[PDB]
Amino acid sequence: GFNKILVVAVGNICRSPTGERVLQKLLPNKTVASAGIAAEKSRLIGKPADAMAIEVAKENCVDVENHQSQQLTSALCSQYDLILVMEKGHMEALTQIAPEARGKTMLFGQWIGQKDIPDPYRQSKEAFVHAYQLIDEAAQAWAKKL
């Protein structure tokens, strides 16, 4: 069974913390965390979720406060049963870091047409609203299957 879920993207400040907390609210019987493939190179480790990501989630009663961006590592992947990436291209970048994690890595937006969810970083609130919408729809579908 998939009990520990890791939501993965690039910076671990916008989509992946949002997906973590949206999914955590829908799946209180699971442990959900998140990480970024390039959090360290982006100089983001320890940073909170983007303020606009927090605000958009808060308007939907999802708490993205007290987040700290962390880097995706092979050791981290071993702690989770299921990994959900925001873009299909993230899978190959992830398996470069943790080739053993291929089998448990799936797409966050699998159930909404296997769609990528684009990064809203450094764009207007509209982009964060769009990202939240896709994350919400995608997470609702995952919650019924885990």
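Note that residue numbering begins at 1 and tracks the sequence as displayed.
Mean CA temperature factor from the deposited coordinates, higher in 131-139 or in 118-126? Looking at the recorded C-alpha B-factors, 118-126 comes out higher on average.
Read off the CA B-factors in the entry, average them over 77-85 and over 91-99, and name the higher stretch. Averaging CA B-factors over each stretch, the winner is 91-99.
If you compare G36, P48, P28, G109, which has the highest Cα B-factor in the entry? Each of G36, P48, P28, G109 was compared by C-alpha B-factor; the highest is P28.
State the tercile, meaning the lowest, middle or highest third, of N66 with respect to the CA B-factors recorded for its chain. Highest third of the chain for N66's C-alpha B-factor.
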